[PDB]
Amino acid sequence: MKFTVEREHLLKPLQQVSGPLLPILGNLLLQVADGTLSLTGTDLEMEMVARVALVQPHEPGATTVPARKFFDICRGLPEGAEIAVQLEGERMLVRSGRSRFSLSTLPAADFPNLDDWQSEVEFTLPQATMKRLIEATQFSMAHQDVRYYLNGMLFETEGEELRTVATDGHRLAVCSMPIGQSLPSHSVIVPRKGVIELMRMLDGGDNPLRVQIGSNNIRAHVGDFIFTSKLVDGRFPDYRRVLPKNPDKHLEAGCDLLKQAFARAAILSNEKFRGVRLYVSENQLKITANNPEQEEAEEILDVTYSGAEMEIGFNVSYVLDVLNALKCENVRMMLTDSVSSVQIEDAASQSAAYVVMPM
């Protein structure tokens, strides 16, 4: 196995396949075949593969090398460096300028593969749309809940919409985006680590994303990268049951102003329970907080509200999470009563919605 490639063509591929990395799981599989260098990283649950065209002379073969060390070596070389690689006995030699390195290898035959599987559902969409869908909801996934199905994100196809749902039992985020293709009605759960990796592969360019879903796997092709993950078992909740049936009390306020006020009130909220109370009245919102030391905060804001007066408590962190996710001018809070969830949205888009349980 031999290849010579410019540093600039290896960096991002190495970054992508090595980021999240059986000592052999700490290695990258390298394969030179048919004028292509393939780089693969896996943790047995998911896999990233990068392809890199080889325009200079090369020789076929495969090996595995320590991912972090190989990446750090390549990153450490100067801009414009050309990196010559060749296998020599048990070691992989890496040469650039008068910098030389000899890395240990493990046999390519030992590198684990995911099970083969069939694609049942496919569609393509812009990168910017997948980014939007993931960023809108990702913060609301559970982290290590014993309900394993919540440690991850729902990807649902319906009509021509792709929808993501994330919830941890206390708060929920949902976002739907049209993708201009007839889709079957289908849902899968992607594990939270796979969601993060998928997000990280979205470079910001105009390369479209191709998605393939099987019964136990999801795959995403973007540019010269292929990401594959297993799915999570279990019955995900139905976001329509979490959305308030009829939250017909509508409050509108500046996002930044609202966030600032909550963030200040939070300072004097209970350090564990983070409770704040909201008093809504005609064109006015009052937020209060207090803690076991009897310290107290009060914020009063102008808002647009024409409904009945009411009072409700929330965990302020959950609300701040939403407002930070929104990135918009004005927010709409949609209320039911003092003992029911609240729905929050961008006042100028219903494309994402957030639900927070009351305290």
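What we label the rigid core is the largest C-alpha set whose atoms superpose within 1.5 Å from one form to the other. For every residue, the number given is its place in the sequence shown, counted from 1.
A.B. asks: Between 72-80 and 186-194, which one shows the bigger average Cα displacement from this form in 5 other deposited structures of this protein once the rigid core is aligned?
C.D. replies: Checking 72-80 against 186-194 in 5 other deposited structures of this protein, I find the farther stretch is 72-80.
A.B. asks: Given a rigid core fit, name the stretch, 172-180 or 91-99, whose C-alphas are on average farther from the form shown here in 5 other deposited structures of this protein.
C.D. replies: Evaluated in 5 other deposited structures of this protein, the stretch farther from the shown form is 91-99.
A.B. asks: Which class fits the unmodelled deposited stretch between residue 11 and residue 12: none, 1 to 3, 4 to 9, or 10 or more?
C.D. replies: Unmodelled stretch: none, continuous chain.
A.B. asks: Look over 301-309 and 314-322 in the entry and identify the one with the greater average Cα temperature factor.
C.D. replies: Mean B over CA atoms: larger for 301-309.
A.B. asks: So which stretch wins on mean C-alpha B-factor, 288-296 or 23-31?
C.D. replies: Looking at the recorded C-alpha B-factors, 288-296 comes out higher on average.
A.B. asks: Whose CA atom has the top B-factor in the entry, of 156, 115, 238, 168?
C.D. replies: Result of the comparison over 156, 115, 238, 168: 115.
A.B. asks: Could you check 176, 127, 212, 260 and tell me which one carries the biggest Cα B-factor in the deposited entry?
C.D. replies: Highest C-alpha B-factor among the listed residues goes to 127.
A.B. asks: Select lowest, middle or highest to describe the third in which the CA B-factor of residue 180 falls within its chain in this entry.
C.D. replies: Residue 180: CA B-factor falls in the highest third of its chain.
A.B. asks: Quick one: classify residue 56 as lowest, middle or highest third of the chain based on its Cα B-factor.
C.D. replies: Within its chain, residue 56 is a highest-third residue by C-alpha B-factor, going by the deposited values.
A.B. asks: Would you check the entry's CA temperature factor for residue 89 and let me know if it's in the chain's lowest, middle or highest third?
C.D. replies: According to the entry, residue 89 has a C-alpha B-factor in the chain's highest third.
A.B. asks: Can you tell me which third, lowest, middle or highest, the CA B-factor of residue 18 falls into for its chain?
C.D. replies: Top third by C-alpha B-factor.
A.B. asks: Would you please rank residue 140 by its C-alpha temperature factor against the other modelled residues of its chain and give the third it falls in: lowest, middle or highest?
C.D. replies: Tercile = lowest for this residue's CA B-factor.
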